[PDB]
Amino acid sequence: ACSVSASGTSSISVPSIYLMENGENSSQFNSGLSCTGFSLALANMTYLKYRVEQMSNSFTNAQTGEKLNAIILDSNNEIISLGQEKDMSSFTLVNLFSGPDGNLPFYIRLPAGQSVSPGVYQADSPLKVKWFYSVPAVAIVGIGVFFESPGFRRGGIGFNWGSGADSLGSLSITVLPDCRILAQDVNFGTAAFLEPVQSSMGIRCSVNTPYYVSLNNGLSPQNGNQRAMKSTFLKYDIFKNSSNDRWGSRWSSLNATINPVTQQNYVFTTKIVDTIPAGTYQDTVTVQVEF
């Protein structure tokens, strides 16, 4: 049949940087109204009008005061707004009911470059909707039977929307921690033996997400822990900043060029260790990021 959810919570989870750079695509959630056993014959008009009695596009993280803004849409992907009814009655409305529970979907969309710390962003008010419906029922449950909100009259009795039925549900957005790593090649010079190379690695992480960065010993360690590039082999090593401190198995995210969504940048020098001829050697080093 058709029913109306009197209590309930909907939740979506998005990682924070992806949220900033891409927003969030139309996510389906339960509107409050659900119908099973509806007819799919499209022979009888499905009457359905909703009135949003309470709603918020603002989502607040209780522990920081930070907020997200969201767009809410009504299953025809029309933006819904408080204080304005929308009649969705058609012959085909019945095919918008989704899932096994027959949930009439609404959608939430997060736009823009919204940047917020990970946490739970709860809707500033619950979503309360008043529904007015008369849905044709599948034939095996009866002929000419309809699932109807209270006081509905499809029409010596005039047409009447009735008093409606109220749904109430809460909306939450969980923002998840998130990290991006960017580590380019270290390109040594010509050949005919090679000056050192001071390069860097960058990590853009969400605000409260510590980690350790370790580097292994490449594909061809020579005595167990001496890095070497494959042609014979050419020994090298990697050092934090311009120092003599070997970077290996490590570097805490708290201890390298971090100014403020945060970004860490790690400066390192790659040096040749030996008269050894050319040339064109290579290695691949594993960068382990550990949370």
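One rule holds for the numbers: they count along the sequence shown, beginning at 1.
Chemist: Between residue 155 and residue 156, how many residues of the deposited sequence have no coordinates in this entry: none, 1 to 3, 4 to 9, or 10 or more?
Modeler: Gap size class: 1 to 3 residues without coordinates, per the record.
Chemist: Comparing average C-alpha B factors as deposited, tell me which of 117-125 and 75-83 sits higher.
Modeler: Taking the mean B-factor of the alpha carbons in each, 75-83 is higher.
Chemist: Mean Cα B factor from the PDB record: higher for 126-134, or higher for 157-165?
Modeler: The deposited B-factors put 157-165 ahead on the C-alpha mean.
Chemist: When the CA B-factors of 31, 60, 36, 243 are compared as recorded in the entry, which is the largest?
Modeler: Max CA B-factor in the entry, restricted to 31, 60, 36, 243: 243.
Chemist: Which one of 262, 252, 231, 54 shows the top CA temperature factor in the record?
Modeler: Going by the entry's C-alpha B-factors, 231 comes out highest.
Chemist: Residue 146: which third of its chain by C-alpha temperature factor?
Modeler: Its C-alpha B-factor belongs to the highest third of this chain's values.
Chemist: Taking the entry's C-alpha B-factors for this chain, is residue 49 in the lowest, middle or highest third?
Modeler: Its C-alpha B-factor belongs to the lowest third of this chain's values.
Chemist: Could you look up the Cα B-factor of residue 227 in the entry and say which third of the chain it sits in: lowest, middle or highest?
Modeler: As the PDB entry reports it, the C-alpha B-factor of residue 227 lands in the middle third of its chain.
Chemist: Ranked by Cα temperature factor within the chain, is residue 199 in the lowest third, the middle third or the highest third?
Modeler: As the PDB entry reports it, the C-alpha B-factor of residue 199 lands in the lowest third of its chain.
Chemist: Would you please rank residue 282 by its C-alpha temperature factor against the other modelled residues of its chain and give the third it falls in: lowest, middle or highest?
Modeler: Within its chain, residue 282 is a middle-third residue by C-alpha B-factor, going by the deposited values.
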